[PDB]
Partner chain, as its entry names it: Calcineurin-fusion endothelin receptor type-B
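Below you'll find only one chain, the form solved without the partner chain, shown as structure tokens.
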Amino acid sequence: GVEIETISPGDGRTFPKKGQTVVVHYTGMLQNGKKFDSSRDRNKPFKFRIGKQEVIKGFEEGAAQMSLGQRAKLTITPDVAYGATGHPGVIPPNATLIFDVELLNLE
């Protein structure tokens, strides 16, 4: 599953709903802190819809637990990331992933 360690608190009133577009900045890393993806490096906030499987299950689940403005570290185990396969070239098999996620807006 997903564990969340808060970095900055959110507002505690605005949580993502099912189907809702959330806008985040994120950095996706392997368990050693090696970055494999970052919206920050693109200078473009990333949008996806909660519960529509547009991102890995753990990312979606983690963001659903966050309130607007919150920044959190998500620890995501392989069964809710890329599993035993992994992502060839990108994510090794059975990889635990760490995402630094900031919830910037809900649409």
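Positions refer to the first chain, counted from 1.
As the entry records it, the average C-alpha temperature factor is higher for 88 to 96, out of 88 to 96 and 20 to 28. Among the modelled residues of its chain, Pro45 has a C-alpha B-factor that falls in the lowest third according to the deposited record. In the PDB entry, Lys73 places in the middle third of its chain by CA B-factor. Ranked within its chain, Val2 lands in the middle third, by CA B factor from the PDB record. In the PDB entry, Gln65 places in the middle third of its chain by CA B-factor. Ranked by C-alpha B-factor against the other modelled residues of its chain, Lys35 falls in the middle third.
Only in words, not in the display: the form deposited with the partner chain bound, which the text now covers.
When contacts are judged by a 4.5 Å heavy atom cut-off, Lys73 does not count as touching the partner chain in the bound PDB entry. Among heavy atoms of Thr96, none comes within 4.5 Å of the partner chain in the bound PDB entry.
The partner chain is not shown here, but in the bound PDB entry it comes within 4.5 Å of a heavy atom of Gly89.
Contact annotation for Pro45: at least one heavy atom lies within 4.5 Å of the partner chain in the bound PDB entry. Residues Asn32, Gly33, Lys34, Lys35, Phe36, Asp37, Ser38, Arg40, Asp41, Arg42, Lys44, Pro45, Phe46, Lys47 are the ones in 27 to 47 with at least one heavy atom within 4.5 Å of the partner chain in the bound PDB entry, listed in sequence order.
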